[PDB]
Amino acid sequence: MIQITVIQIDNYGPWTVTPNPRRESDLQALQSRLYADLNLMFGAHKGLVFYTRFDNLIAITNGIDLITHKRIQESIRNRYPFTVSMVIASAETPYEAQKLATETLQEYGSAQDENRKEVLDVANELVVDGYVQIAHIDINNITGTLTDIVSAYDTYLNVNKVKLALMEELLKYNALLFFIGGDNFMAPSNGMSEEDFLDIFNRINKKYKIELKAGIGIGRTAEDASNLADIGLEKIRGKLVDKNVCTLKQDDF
C-alpha cells in the first residue's frame, strides 16, 4: 500500500502580510523555489512531490523514513524565512492516506497557530512492503489541435476544464489527480484497473472532444512507478500497443 506525506508551511498567512504586504513576484519565486527544493531532496530518496496549493503540498514517500523527513525539515528551516510541518500516513488508497495524515496534523493545531511549528508525526505506520501505482495521463496531439491554433489563454482554459473533470471522476475511486505541466497530469491510483480509465476517458471525450492516453506504472517507490508510467506512454506513441492505456510492473528484482 501507499505512504503519503502532507507538508504545510507553518503560520504562513500572517507572515505574508506582516508587517506589510510583499511583492507578489518575490512570493512566486519563494514558493516555486520551495517546491523545486522539495522535489530535489525527496527525489534524492526516490520520492515525488506535487505542488497542490503551494502553502500545502502532497508527496508520495514509500520507503522514505522519519529521520530522512526530519533532515529535509531541518534543511528548510536553515534556508527559508519559515518552517514546515509534516505528517505521514499509509493506507490502501491515496485518498485514505492523505485524509489520515491531515487528521493528525489538525489534531496538533491550526495552520495559523504561531505556537504550532514543525510538527512531524506518523498517523498510523510507515509502509514496509507496499507499492505505488501512478497513471501518467496526457492529451493526444495538443500541439496540432490547440497550442498552434488557439490563443495561449484558451489552451490554458481548456486544460483546466479537463483537469477538474478528471479530479471529480477519479475521486470516486479514491484516486488523486495533479497537473505537472503542458497537457500532462499524474494520478496516484492504487486499486484502479485499465478498464476504469477507459471508462473515464470515454466520458471526457464525449463532453470535451479531447482524446486522452495513459501509461500506468506499478513499483516499490514513486520514482519507479512514474518511470514505468513514462515508458508506457512511449509504447503507446510507438504504436506497439493497440489501446490508449498501457500498464507496466516493476520486476527487476
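Position 1 is the first residue in the sequence shown; the rest follow in order.
Give the stretch, out of 236-244 and 12-20, with the larger mean C-alpha temperature factor in the deposited entry. The stretch with the larger mean CA B-factor is 236-244.
What stretch has the higher average Cα B-factor here, 111-119 or 150-158? According to the PDB entry, the answer is 111-119.
Maximum C-alpha temperature factor, selected from 199, 37, 55, 26: That would be 199, according to the entry.
Ordered by C-alpha B-factor within the chain, which third holds residue 70? Give me lowest, middle or highest, please. Within its chain, residue 70 is a middle-third residue by C-alpha B-factor, going by the deposited values.
Can you tell me whether residue 188 has a C-alpha B-factor in the lowest, middle or highest third compared with the other modelled residues of the same chain? Within its chain, residue 188 is a middle-third residue by C-alpha B-factor, going by the deposited values.
Within this chain's modelled residues, let me know which third the CA B factor of residue 138 belongs to: lowest, middle or highest. Lowest third of the chain for residue 138's C-alpha B-factor.
Going by the CA temperature factor in the PDB record, which third of the chain does residue 33 belong to: lowest, middle or highest? Tercile = lowest for this residue's CA B-factor.
Looking at the C-alpha B-factor of residue 144, is it in the lowest, middle or highest third of its chain? Middle third of the chain for residue 144's C-alpha B-factor.
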